[PDB]
Structure formats: C-alpha cells, structure tokens
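Each remark here refers to the structure printed beneath this line.
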RNA sequence: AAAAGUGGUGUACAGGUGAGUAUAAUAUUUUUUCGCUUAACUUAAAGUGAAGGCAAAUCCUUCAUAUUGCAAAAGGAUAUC
Ligand SMILES: [K+]
Ligand SMILES: [K+]
Ligand SMILES: [Mg+2]
Ligand SMILES: [Mg+2]
Ligand SMILES: [Mg+2]
C-alpha cells in the first residue's frame, strides 16, 4: 500500500510541474504579443501627443 | 417539474383522488413518486348529527408535503387551494369584497 | 477679450492630448496585469 | 540523466520570465514618461 | 382591424398496438466511497453594451466587457411628473 501512495504522490508532483511550465511558457508568448503591440501603439500614440504642445 | 396534484380514481359518479408527487409530463394515473394523501370531493355528513352540517374528509401527510414545497414542487390549482386551507401557502384567489 | 477671440483660442489640442493619454493609461494597466501575472508564475516555479 | 535536463530547463523559464517582466517594465515607465 | 407567416415553447407528454424479439447482462440487491448535469422547477447574486444580413425581430452572423486569460447576453411592456 505504501508503494501505491508513494507512486501516486510522485505522479501528482510530475503534473503540477508540467502544468506550471506549460502555463509559464504560454504567458511568455502572450507577453511578447503585448510587447510588439505596445511598441507600435506607443509609437503611434506619442506621435499625436507630440503635435499638440 | 415535480408537482403536487390529484390522481382521479373511483367509479363512474364516484370520484376519489390521490394526492401524489409526480413529474408534470406523465400520465395522470401512472405510478407517482409518492402518495401524499387522498381527497374525497363529495361532502359527507356525521352519522348522529341532525344539524345538517357537512364536511369533507382529506388525509394529508403535511410533513411530507412541506418538504416538496420547500424544494420547489409546483402544486396544481386544486392542491394549492387545499394547502392554503391547512395553512401552508397563501390563497391564489379570493372573493372580491367590492 | 471678446467671445470670438476666447472661443477661437480654445481648440481640441487639450481634448486630443487627454484621450490619447487616457488610452495609454489603460494600456499600461493591461501591461501591469500581464507583468503581475508573470510574477505569480515565476515565484511558483522556483518554489516547486 | 534526466534531472540535469529538467533543472536547466527550469532556469530557462525563470530566465525568460525575468526578461519579459523587464520589457513590460521598460514600456510601463516609458508610458509614464510621455504621460508627464 | 383582419389573413397568412417569421420567431419562442410544446408536438421527447398523452393515446394505440403486440408484428418483430429467445435471454447471464458494462443486468441487479445490500453496505462503503463517488462523479456528471450548458433546458425546465426552487433560492440568491452579478451582468443585460456595439454593428451587419433578411421586409423586421427575443431570427441568423459577429464584436466589446465578464477573478489572471480563454469563455456570455435580447429585448419588449406599463405607470408617475
Ligand atoms: K410517446
Ligand atoms: K409481440
Ligand atoms: Mg491640434
Ligand atoms: Mg400487454
Ligand atoms: Mg441592450
């Protein structure tokens, strides 16, 4: 019985990591999109603000 | 939809009803989930009472009926009028005074 | 001086400057949330 | 055998997660600059 | 105001028959332990914004917003000043 509990517990530890890493590597890609979309918007929005001084 | 309704039994010109808990979309006289009581519409008269007063015999398991009304059972208009007399629900209809 | 002068001086330069800055404030809010979310995941990895 | 491959992999994510938080910060304060 | 419709719900209930069908099966009872449930019923909370297509819509298509990020909605009606 101890082998089943130990074997099952280790299986959960392998999942939480595979889930956190998967979610982590996903937020990175979602974060890069925010960058490319921000540099363009910021460059386009600051331009207008620069013509209203 | 659970409903507290009546199942018409008896013979021709001798109506007799079962107060039952059944799903709305089922046959009137099909075996219900529970039989909460009985209802006799024809009013009776006490044997040795010469006053002329009549009464109606109605057997009802109030404790079992309150649980179904509490979980969301929908009694028909006839069963609603009965449950309002015993003092469980409020009447749906009343005699206009004006 | 007069209504026409004061009314002509006023223009959309202030209104434009306000709308653009406001859109950037909500933009930084989306970045702040995203940057915050990454922190909630960074401390969990090194934790486990 | 396999531990060495996963331990280093975690460092990569910890590294990238540090860079992304740096870019999003480089833009956050940048927006504040032009906002003044 | 009528007459056809479009949409919503219901025609998954009720009622009828016994032609076919030859069975042990992911059948069933008891105890212990559980999981699922986007319609209807009951209690409560929050949200009910913007376009296009059909003659029009609570029809169809789609968007914004909804703990993080993916993921929704539809309007109609009656009073008061
Ligand atoms: K049927
Ligand atoms: K048969
Ligand atoms: Mg200008
Ligand atoms: Mg038969
Ligand atoms: Mg609306």
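So if we plug the beta-carbon distance of residue A:28 and residue B:1 into 1/(1 + (r/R0)^6) with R0 = 45 Å, what FRET efficiency do we get, rounded to 0.05? Don't skip to the answer; put the middle values down first.
Details: r = 51 Å, r/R0 = 1.14.
E between residue A:28 and residue B:1, to the nearest 0.05, is 0.30.
For residue C:15 and residue D:10, FRET efficiency with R0 = 35 Å and r from the beta-carbon atoms, rounded to 0.05?
FRET efficiency, residue D:10 to residue C:15: 0.10.
Run lengths n ≥ 4 of DSSP H only: what is the helix-derived mean residue ellipticity at 222 nm for chain B, with -39500 (n - 2.57) per run over all residues, to the nearest 500?
Working: 2 runs with 20 residues, N = 98.
Calculated at 222 nm, the ellipticity per residue is -6000 deg cm²/dmol.
Eigenvalues of the Cα gyration tensor times 5, then square-rooted: what semi-axes does that give for chain A, in whole angstrom, largest first?
Working: eigenvalues 513, 10, 3 Å².
Ellipsoid semi-axes (Å, largest first): 51, 7, 4.
Kindly rank B:32-39, A:31-38, C:7-14 from highest to lowest mean number of other beta carbons found within 10 Å of each residue. Intermediate values should be presented prior to the final figure.
Details: B:32-39: 17.5, A:31-38: 15.8, C:7-14: 9.5.
Order by mean packing, descending: B:32-39, A:31-38, C:7-14.
Averaged over C:19-32, how many beta carbons belonging to a partner chain fall within 10 Å of each residue's beta carbon?
On the way: counts 3, 10, 7, 1, 2, 11, 3, 0, 9, 10, 1, 4, 10, 3.
Mean shielding by partner chains, rounded to a whole number: 5.
Provide a whole-number value for the mean count of partner chain Cβ atoms within 10 Å of the Cβ atoms in peptide A:18-25.
Numbers: counts 0, 0, 7, 8, 0, 4, 10, 6.
Partner Cβ neighbours, averaged per residue: 4.
Which order do the peptides D:23-33, A:7-17 come out in when sorted by mean C-beta neighbours inside 10 angstrom, highest first?
Working: D:23-33: 15.1, A:7-17: 10.0.
Peptide ranking by packing, descending: D:23-33, A:7-17.
Quick one: what Rg and Dmax do you get for the range B:42-90 from the alpha carbons, in Å?
Here Rg and the maximum Cα pair distance are 14.2, 45 Å.
Could you work out the Rg to Rh ratio of chain B, with Rh taken as the Kirkwood radius (inverse of the mean 1/r over all Cα pairs)? Before the final figure, lay out the partial values.
Working: Rg = 15.1 Å, Rh = 14.8 Å.
Answer for chain B: 1.02.
If you average 1/r across every pair of different Cα atoms in the protein assembly as shown and take the reciprocal, what Kirkwood value do you get, in Å?
Working: mean 1/r = 0.0372 Å⁻¹.
One over the average 1/r among Cα pairs gives 26.9 Å for the protein assembly as shown.
Once the Cα gyration tensor of chain C is diagonalised, what are the square roots of 5 times its eigenvalues, in whole Å and ordered largest first, as equivalent ellipsoid semi-axes? Please list the in-between numbers first.
Values: eigenvalues 465, 7, 3 Å².
Computed over chain C, the values are 48, 6, 4 Å.
Would you calculate, for chain C, the mean residue ellipticity at 222 nm contributed by helices, counting each DSSP H stretch of 4 or more residues as -39,500 (n - 2.57) and dividing by all residues, to the nearest 500?
Here the helix-only value at 222 nm equals -30500 deg cm²/dmol.
Can you give the FRET efficiency to the nearest 0.05 for residue B:92 and residue B:46, using r as the Cβ-Cβ distance and R₀ = 35 Å? It would help to have the intermediate numbers written out before the result.
Values: r = 31 Å, r/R0 = 0.88.
That pair, residue B:92 with residue B:46, gives E of 0.70.
Using only DSSP helix segments of four residues or longer, with each worth -39500 (n - 2.57), what per-residue ellipticity at 222 nm results for chain A after dividing by its residue count and rounding to 500?
Details: 1 runs with 49 residues, N = 53.
Computed mean residue ellipticity for chain A: -34500 deg cm²/dmol.
Under a point spin-label approximation (7 Å from Cα along Cα-to-Cβ), what is the residue A:35-residue B:64 distance to one decimal in nm?
7.1
Report D for the range B:16-66 in µm² per second (integer): Stokes-Einstein, Kirkwood Rh on Cα pairs, 20 °C, 1.002 mPa s.
On the way: Rh = 12.9 Å.
D = 166 µm²/s.
Each value in this text was obtained by applying a stated rule to the coordinates, not by laboratory testing. Cβ coordinates were reconstructed from backbone atoms using ideal geometry, including for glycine residues, and neighbour counts include every protein chain displayed.
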